[PDB]
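What follows is one chain in structure tokens, specifically the form deposited in one PDB entry.
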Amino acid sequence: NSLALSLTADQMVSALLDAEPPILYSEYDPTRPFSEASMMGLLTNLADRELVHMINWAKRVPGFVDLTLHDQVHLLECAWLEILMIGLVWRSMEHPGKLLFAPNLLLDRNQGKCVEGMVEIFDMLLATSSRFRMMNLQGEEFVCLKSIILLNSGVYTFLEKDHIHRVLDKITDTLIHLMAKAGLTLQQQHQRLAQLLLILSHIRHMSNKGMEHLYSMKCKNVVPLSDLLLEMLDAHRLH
């Protein structure tokens, strides 16, 4: 059985809100000029530290610790960059034109031009942040989407875990419950649920592009990646 399947909507939200990882700082030294290598180093340094908090957060996602360790590994290996990206976009929501990687690392798109191939991904991330802003995405909806990404992105490459689908279904119930409570009409509710879920497809897209870009930086020796990052990259296969 699973203490996730009998949680109420309000207990689901509450559980996921308290699991939230902290905001981390960049080790940014504002006394040297940015280079391609130095910015990539800042970016992957922070990513590596967020990864550790993500692993801790995933285990607090209702239902996640029910799974096997091998399934947990697959899931995080599949979704990690997507999860980093959705948090960033959410952090950046009320900073139009900017990406808040950290409170001491707020970058506009022109600063993204420092790394080659970067600005394209920055633009997609910024447009997603803008989309979240026009939709007026709420924190509670955000924690649900972020959890959906964790459970769903790797689920089809389990080569049937209906327990994963049970939990994903409960998060669906949870999102609609939050929309009902927010005063949305029945049709607005399903309309919004689609709008939010359709954005997950753009986040997958951004994740794949970013993974090809990260692989590319590794293969050109622009930046040394932590063994954890090297392992996360490896779970995916690129050229």
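Throughout, we count residues from 1 along the sequence that is shown. Take the two forms, superpose them, and find the largest set of C-alpha atoms that agree within 1.5 Å; that set is the rigid core.
- Figure legend: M93 is marked as modelled in all of the other comparable entries of the protein, none of which omit it, let alone a third.
- Checked against the other entries of this protein, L159 counts as unresolved in at least one third of those spanning it.
- In this entry, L159 and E160 are separated by 4 to 9 residues of the deposited sequence that lack coordinates.
- The deposited model assigns a higher average Cα B-factor to 150 to 158 than to the other stretch when 125 to 133 and 150 to 158 are compared.
- Look at the C-alpha B-factors of 181 to 189 and of 63 to 71. On average they run higher in 63 to 71.
- Placement of the Cα temperature factor of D173 within the chain: lowest third of the modelled residues, per the deposited record.
- Ranked by Cα temperature factor within the chain, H205 sits in the lowest third according to the deposited record.
- For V119, the recorded CA B-factor ranks within the middle third of the chain. Only modelled residues enter the ranking.
- The PDB entry assigns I86 a C-alpha temperature factor belonging to the lowest third of its chain's modelled residues.
- Sort the modelled residues of the chain by CA B factor and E140 lands in the middle third.
Unshown form deposited in another entry; subsequent notes refer to it.
- The Cα position of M217 differs by 2 Å or more between this form and the one not shown after fitting on the rigid core.
- The Cα shift for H70 between this form and the one not shown, taken after rigid core superposition, is smaller than 2 angstroms.
- Once both forms are overlaid on the rigid core, the distance between the two CA positions of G183 between this form and the one not shown is under 2 angstroms.
- Relative to this form, the distance between the C-alpha atoms of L43 and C219 is reduced by at least 3 angstroms in the other entry.
- One change in the other entry concerns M217 and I121, whose Cα atoms lie at least 3 Å farther apart than in this form.
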